[PDB]
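> Structure file run21.cif (mmCIF, C-alpha atoms) is given on the next line.
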```cif
data_final
loop_
_atom_site.group_PDB
_atom_site.id
_atom_site.type_symbol
_atom_site.label_atom_id
_atom_site.label_comp_id
_atom_site.auth_asym_id
_atom_site.auth_seq_id
_atom_site.Cartn_x
_atom_site.Cartn_y
_atom_site.Cartn_z
ATOM 1 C CA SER A 1 48.269 72.259 134.665
ATOM 2 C CA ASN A 2 46.639 70.983 131.473
ATOM 3 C CA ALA A 3 48.561 70.474 128.159
ATOM 4 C CA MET A 4 48.114 72.560 125.006
ATOM 5 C CA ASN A 5 47.564 71.496 121.408
ATOM 6 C CA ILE A 6 50.836 72.914 119.999
ATOM 7 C CA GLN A 7 49.708 73.211 116.395
ATOM 8 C CA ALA A 8 46.476 74.997 117.398
ATOM 9 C CA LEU A 9 48.412 77.334 119.750
ATOM 10 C CA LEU A 10 50.930 78.242 117.012
ATOM 11 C CA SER A 11 48.022 78.757 114.594
ATOM 12 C CA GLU A 12 46.281 81.095 117.061
ATOM 13 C CA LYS A 13 49.479 83.126 117.626
ATOM 14 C CA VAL A 14 50.516 83.343 113.993
ATOM 15 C CA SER A 15 46.940 84.317 113.172
ATOM 16 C CA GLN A 16 46.993 87.180 115.706
ATOM 17 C CA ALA A 17 50.413 88.417 114.463
ATOM 18 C CA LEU A 18 49.079 88.366 110.907
ATOM 19 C CA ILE A 19 46.002 90.364 112.016
ATOM 20 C CA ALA A 20 48.228 92.908 113.830
ATOM 21 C CA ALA A 21 50.196 93.247 110.543
ATOM 22 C CA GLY A 22 46.927 93.968 108.662
ATOM 23 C CA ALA A 23 45.395 90.562 107.817
ATOM 24 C CA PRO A 24 41.566 90.024 107.737
ATOM 25 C CA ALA A 25 40.249 88.587 110.994
ATOM 26 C CA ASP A 26 39.471 85.165 109.437
ATOM 27 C CA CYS A 27 42.919 84.766 107.845
ATOM 28 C CA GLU A 28 44.442 81.272 107.776
ATOM 29 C CA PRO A 29 48.069 80.922 109.004
ATOM 30 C CA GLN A 30 48.285 77.407 107.460
ATOM 31 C CA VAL A 31 50.399 75.910 110.245
ATOM 32 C CA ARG A 32 51.491 72.372 109.351
ATOM 33 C CA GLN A 33 54.170 69.970 110.589
ATOM 34 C CA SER A 34 57.388 71.079 108.870
ATOM 35 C CA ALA A 35 58.178 69.391 105.552
ATOM 36 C CA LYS A 36 61.854 68.785 106.433
ATOM 37 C CA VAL A 37 63.825 68.693 109.702
ATOM 38 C CA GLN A 38 65.873 71.740 108.567
ATOM 39 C CA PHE A 39 62.610 73.767 108.461
ATOM 40 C CA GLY A 40 61.922 73.244 112.218
ATOM 41 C CA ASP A 41 58.946 71.499 113.781
ATOM 42 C CA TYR A 42 56.126 73.515 112.265
ATOM 43 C CA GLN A 43 55.792 75.881 109.349
ATOM 44 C CA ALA A 44 53.291 78.657 108.963
ATOM 45 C CA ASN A 45 52.646 78.746 105.171
ATOM 46 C CA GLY A 46 49.801 81.299 104.908
ATOM 47 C CA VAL A 47 51.736 84.580 104.560
ATOM 48 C CA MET A 48 51.886 84.561 100.768
ATOM 49 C CA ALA A 49 48.082 84.439 100.305
ATOM 50 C CA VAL A 50 47.632 87.287 102.822
ATOM 51 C CA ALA A 51 50.392 89.385 101.204
ATOM 52 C CA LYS A 52 48.756 89.073 97.778
ATOM 53 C CA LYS A 53 45.289 90.092 99.056
ATOM 54 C CA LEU A 54 47.032 93.019 100.790
ATOM 55 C CA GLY A 55 49.057 93.775 97.648
ATOM 56 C CA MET A 56 52.525 93.571 99.183
ATOM 57 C CA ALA A 57 55.745 91.559 99.012
ATOM 58 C CA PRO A 58 55.428 88.333 101.055
ATOM 59 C CA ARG A 59 58.913 88.530 102.695
ATOM 60 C CA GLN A 60 58.071 92.066 103.788
ATOM 61 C CA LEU A 61 54.828 90.840 105.402
ATOM 62 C CA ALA A 62 56.599 87.834 106.989
ATOM 63 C CA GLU A 63 59.097 90.193 108.718
ATOM 64 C CA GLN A 64 56.138 92.289 109.909
ATOM 65 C CA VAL A 65 54.418 89.217 111.378
ATOM 66 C CA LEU A 66 57.613 88.314 113.273
ATOM 67 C CA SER A 67 57.716 91.768 114.901
ATOM 68 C CA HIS A 68 54.266 90.970 116.380
ATOM 69 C CA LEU A 69 54.873 87.290 117.181
ATOM 70 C CA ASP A 70 56.207 86.433 120.641
ATOM 71 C CA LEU A 71 57.172 82.741 120.986
ATOM 72 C CA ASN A 72 59.631 83.109 123.920
ATOM 73 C CA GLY A 73 59.312 80.043 126.104
ATOM 74 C CA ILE A 74 57.781 78.076 123.226
ATOM 75 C CA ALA A 75 60.089 78.301 120.189
ATOM 76 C CA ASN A 76 63.917 78.462 120.428
ATOM 77 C CA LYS A 77 64.061 79.930 116.913
ATOM 78 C CA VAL A 78 61.629 81.512 114.404
ATOM 79 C CA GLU A 79 62.991 81.911 110.820
ATOM 80 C CA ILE A 80 61.707 83.291 107.544
ATOM 81 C CA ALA A 81 62.397 81.135 104.475
ATOM 82 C CA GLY A 82 61.805 81.494 100.743
ATOM 83 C CA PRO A 83 58.809 83.688 99.880
ATOM 84 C CA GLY A 84 57.737 84.201 103.484
ATOM 85 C CA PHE A 85 57.396 80.729 105.040
ATOM 86 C CA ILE A 86 57.726 80.949 108.809
ATOM 87 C CA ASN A 87 59.797 78.120 110.313
ATOM 88 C CA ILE A 88 59.342 77.420 113.991
ATOM 89 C CA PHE A 89 61.763 75.323 116.125
ATOM 90 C CA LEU A 90 60.252 74.363 119.476
ATOM 91 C CA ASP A 91 61.984 74.791 122.826
ATOM 92 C CA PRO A 92 62.785 71.203 123.926
ATOM 93 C CA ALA A 93 61.829 72.086 127.516
ATOM 94 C CA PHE A 94 58.485 73.390 126.312
ATOM 95 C CA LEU A 95 57.688 70.151 124.440
ATOM 96 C CA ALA A 96 58.862 67.929 127.340
ATOM 97 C CA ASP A 97 56.698 69.905 129.786
ATOM 98 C CA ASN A 98 53.634 69.837 127.541
ATOM 99 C CA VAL A 99 54.041 66.077 127.185
ATOM 100 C CA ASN A 100 54.528 65.689 130.995
ATOM 101 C CA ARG A 101 51.338 67.709 131.497
ATOM 102 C CA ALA A 102 49.405 65.544 129.007
ATOM 103 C CA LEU A 103 50.488 62.284 130.669
ATOM 104 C CA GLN A 104 50.325 63.613 134.231
ATOM 105 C CA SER A 105 47.725 61.366 135.853
ATOM 106 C CA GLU A 106 49.460 58.375 134.209
#
```
Let's see the structure in the file written out as structure tokens.


Amino acid sequence: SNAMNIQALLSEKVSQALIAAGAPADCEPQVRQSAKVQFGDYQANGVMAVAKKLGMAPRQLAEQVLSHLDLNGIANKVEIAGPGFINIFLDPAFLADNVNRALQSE
């Protein structure tokens, strides 16, 4: 009944989906708090570097990562923007629960 670190969780999961799509095991998803509210809560910005190393189009890779990424229960919406940014909008019930877990015992 212990809370997660959301950014670290998203990083782990984007990292795995990148690896399933062909990324090196030590690839960096570059998950950061979204730059603007219209880009969700977090963005994964590391697809373009991976795509280049792998010699492929970054939007093509991004779509591949999404086919491996399962954020049901966690994100209400996962969108691809520009040259393969991944924009993640959290489930409000997930956030509220995670925060209730963190403060449980308060």

> Please provide the set of residues having any atom within 12 Å of residue 105 of chain A, restricted to all atoms listed in the file, with same-chain residues fewer than 6 positions apart removed, written as a ChimeraX atom specification.

/A:1-3,99

> Using the chain letters and numbering of this document, enumerate as a PyMOL selection string the residues selected by the PyMOL selection byres ((chain A and resi 51) around 10).

chain A and resi 18+22-23+46-50+52-62+84

> Using all atoms listed in the file for the distances, tell me which of A:10, A:20, A:71, A:103 is nearest to residue 32 of chain A.

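Ranked by minimum distance to residue 32 of chain A, first place goes to A:10.
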
> May I have the residues within 7 Å of residue 40 of chain A as an MDAnalysis selection string, using all atoms listed in the file and disregarding those fewer than 5 positions away in the same chain?

chainID A and resid 34 87:89

> Evaluated on this file, the PyMOL selection byres ((chain A and resi 5) around 12) picks out some residues - which ones are they, written as a PyMOL selection string?

chain A and resi 2-4+6-12+95+98-99+101-102

> Enumerate, as a PyMOL selection string, the residues matched when the PyMOL selection byres ((chain A and resi 67) around 12) is run on the file above.

chain A and resi 14+16-18+20-21+60-66+68-71+78-80

> Please indicate the distance in Å from atom CA of residue 90 of chain A to atom CA of residue 41 of chain A, rounded to one decimal place.

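For atom CA of residue 90 of chain A relative to atom CA of residue 41 of chain A, the distance reads 6.5 Å.
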
> Using all atoms listed in the file, find the one residue out of A:104, A:13, A:33, A:43 that sits nearest to residue 72 of chain A.

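Of the candidates, the smallest distance to residue 72 of chain A is held by A:13.
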
> Write out N, CA, C and O atoms for segment 69-92 of chain A, as a PDB file, in the frame of the given file.


```
ATOM      1  N   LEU A  69      54.979  88.662 116.690  1.00  0.00           N
ATOM      2  CA  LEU A  69      54.873  87.290 117.181  1.00  0.00           C
ATOM      3  C   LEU A  69      55.849  87.088 118.328  1.00  0.00           C
ATOM      4  O   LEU A  69      57.032  87.327 118.173  1.00  0.00           O
ATOM      5  N   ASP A  70      55.353  86.674 119.485  1.00  0.00           N
ATOM      6  CA  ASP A  70      56.207  86.433 120.641  1.00  0.00           C
ATOM      7  C   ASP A  70      56.157  84.956 121.050  1.00  0.00           C
ATOM      8  O   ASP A  70      55.251  84.543 121.750  1.00  0.00           O
ATOM      9  N   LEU A  71      57.121  84.159 120.608  1.00  0.00           N
ATOM     10  CA  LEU A  71      57.172  82.741 120.986  1.00  0.00           C
ATOM     11  C   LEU A  71      58.253  82.383 122.012  1.00  0.00           C
ATOM     12  O   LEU A  71      58.651  81.199 122.105  1.00  0.00           O
ATOM     13  N   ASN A  72      58.731  83.379 122.768  1.00  0.00           N
ATOM     14  CA  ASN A  72      59.631  83.109 123.920  1.00  0.00           C
ATOM     15  C   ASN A  72      59.008  82.094 124.841  1.00  0.00           C
ATOM     16  O   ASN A  72      57.821  82.190 125.162  1.00  0.00           O
ATOM     17  N   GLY A  73      59.815  81.137 125.283  1.00  0.00           N
ATOM     18  CA  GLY A  73      59.312  80.043 126.104  1.00  0.00           C
ATOM     19  C   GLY A  73      58.796  78.850 125.315  1.00  0.00           C
ATOM     20  O   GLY A  73      58.675  77.750 125.862  1.00  0.00           O
ATOM     21  N   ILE A  74      58.495  79.059 124.039  1.00  0.00           N
ATOM     22  CA  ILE A  74      57.781  78.076 123.226  1.00  0.00           C
ATOM     23  C   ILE A  74      58.654  77.600 122.056  1.00  0.00           C
ATOM     24  O   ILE A  74      58.867  76.388 121.894  1.00  0.00           O
ATOM     25  N   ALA A  75      59.167  78.559 121.285  1.00  0.00           N
ATOM     26  CA  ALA A  75      60.089  78.301 120.189  1.00  0.00           C
ATOM     27  C   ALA A  75      61.488  78.838 120.499  1.00  0.00           C
ATOM     28  O   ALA A  75      61.612  79.974 120.932  1.00  0.00           O
ATOM     29  N   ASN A  76      62.519  78.023 120.299  1.00  0.00           N
ATOM     30  CA  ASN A  76      63.917  78.462 120.428  1.00  0.00           C
ATOM     31  C   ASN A  76      64.317  79.390 119.270  1.00  0.00           C
ATOM     32  O   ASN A  76      65.155  80.273 119.423  1.00  0.00           O
ATOM     33  N   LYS A  77      63.699  79.193 118.110  1.00  0.00           N
ATOM     34  CA  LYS A  77      64.061  79.930 116.913  1.00  0.00           C
ATOM     35  C   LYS A  77      62.866  80.037 115.930  1.00  0.00           C
ATOM     36  O   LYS A  77      62.123  79.068 115.716  1.00  0.00           O
ATOM     37  N   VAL A  78      62.663  81.241 115.395  1.00  0.00           N
ATOM     38  CA  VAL A  78      61.629  81.512 114.404  1.00  0.00           C
ATOM     39  C   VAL A  78      62.300  82.172 113.193  1.00  0.00           C
ATOM     40  O   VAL A  78      62.822  83.289 113.305  1.00  0.00           O
ATOM     41  N   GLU A  79      62.292  81.474 112.051  1.00  0.00           N
ATOM     42  CA  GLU A  79      62.991  81.911 110.820  1.00  0.00           C
ATOM     43  C   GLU A  79      62.071  82.065 109.621  1.00  0.00           C
ATOM     44  O   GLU A  79      61.115  81.286 109.440  1.00  0.00           O
ATOM     45  N   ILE A  80      62.409  83.039 108.785  1.00  0.00           N
ATOM     46  CA  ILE A  80      61.707  83.291 107.544  1.00  0.00           C
ATOM     47  C   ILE A  80      62.457  82.591 106.410  1.00  0.00           C
ATOM     48  O   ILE A  80      63.672  82.728 106.296  1.00  0.00           O
ATOM     49  N   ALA A  81      61.743  81.835 105.587  1.00  0.00           N
ATOM     50  CA  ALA A  81      62.397  81.135 104.475  1.00  0.00           C
ATOM     51  C   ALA A  81      61.658  81.373 103.181  1.00  0.00           C
ATOM     52  O   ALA A  81      60.455  81.591 103.185  1.00  0.00           O
ATOM     53  N   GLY A  82      62.386  81.313 102.076  1.00  0.00           N
ATOM     54  CA  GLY A  82      61.805  81.494 100.743  1.00  0.00           C
ATOM     55  C   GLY A  82      60.916  82.718 100.633  1.00  0.00           C
ATOM     56  O   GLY A  82      61.298  83.796 101.075  1.00  0.00           O
ATOM     57  N   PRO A  83      59.706  82.553 100.068  1.00  0.00           N
ATOM     58  CA  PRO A  83      58.809  83.688  99.880  1.00  0.00           C
ATOM     59  C   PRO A  83      57.917  83.937 101.094  1.00  0.00           C
ATOM     60  O   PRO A  83      56.722  84.181 100.940  1.00  0.00           O
ATOM     61  N   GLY A  84      58.491  83.896 102.288  1.00  0.00           N
ATOM     62  CA  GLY A  84      57.737  84.201 103.484  1.00  0.00           C
ATOM     63  C   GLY A  84      57.156  83.006 104.235  1.00  0.00           C
ATOM     64  O   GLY A  84      56.157  83.157 104.927  1.00  0.00           O
ATOM     65  N   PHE A  85      57.756  81.818 104.113  1.00  0.00           N
ATOM     66  CA  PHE A  85      57.396  80.729 105.040  1.00  0.00           C
ATOM     67  C   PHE A  85      57.965  81.082 106.400  1.00  0.00           C
ATOM     68  O   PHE A  85      59.046  81.637 106.493  1.00  0.00           O
ATOM     69  N   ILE A  86      57.227  80.757 107.448  1.00  0.00           N
ATOM     70  CA  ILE A  86      57.726  80.949 108.809  1.00  0.00           C
ATOM     71  C   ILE A  86      58.018  79.582 109.444  1.00  0.00           C
ATOM     72  O   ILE A  86      57.104  78.773 109.673  1.00  0.00           O
ATOM     73  N   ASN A  87      59.306  79.360 109.722  1.00  0.00           N
ATOM     74  CA  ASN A  87      59.797  78.120 110.313  1.00  0.00           C
ATOM     75  C   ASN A  87      60.057  78.221 111.818  1.00  0.00           C
ATOM     76  O   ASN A  87      60.877  79.021 112.290  1.00  0.00           O
ATOM     77  N   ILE A  88      59.383  77.356 112.558  1.00  0.00           N
ATOM     78  CA  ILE A  88      59.342  77.420 113.991  1.00  0.00           C
ATOM     79  C   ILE A  88      60.009  76.191 114.630  1.00  0.00           C
ATOM     80  O   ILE A  88      59.587  75.067 114.390  1.00  0.00           O
ATOM     81  N   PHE A  89      61.033  76.411 115.452  1.00  0.00           N
ATOM     82  CA  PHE A  89      61.763  75.323 116.125  1.00  0.00           C
ATOM     83  C   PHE A  89      61.404  75.382 117.594  1.00  0.00           C
ATOM     84  O   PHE A  89      61.747  76.360 118.264  1.00  0.00           O
ATOM     85  N   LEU A  90      60.730  74.352 118.099  1.00  0.00           N
ATOM     86  CA  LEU A  90      60.252  74.363 119.476  1.00  0.00           C
ATOM     87  C   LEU A  90      61.374  74.277 120.523  1.00  0.00           C
ATOM     88  O   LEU A  90      62.393  73.637 120.311  1.00  0.00           O
ATOM     89  N   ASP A  91      61.171  74.961 121.641  1.00  0.00           N
ATOM     90  CA  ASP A  91      61.984  74.791 122.826  1.00  0.00           C
ATOM     91  C   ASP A  91      61.816  73.363 123.361  1.00  0.00           C
ATOM     92  O   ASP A  91      60.688  72.950 123.677  1.00  0.00           O
ATOM     93  N   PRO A  92      62.919  72.592 123.449  1.00  0.00           N
ATOM     94  CA  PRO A  92      62.785  71.203 123.926  1.00  0.00           C
ATOM     95  C   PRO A  92      62.172  71.095 125.333  1.00  0.00           C
ATOM     96  O   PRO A  92      61.457  70.133 125.616  1.00  0.00           O
TER      97      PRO A  92
END
```
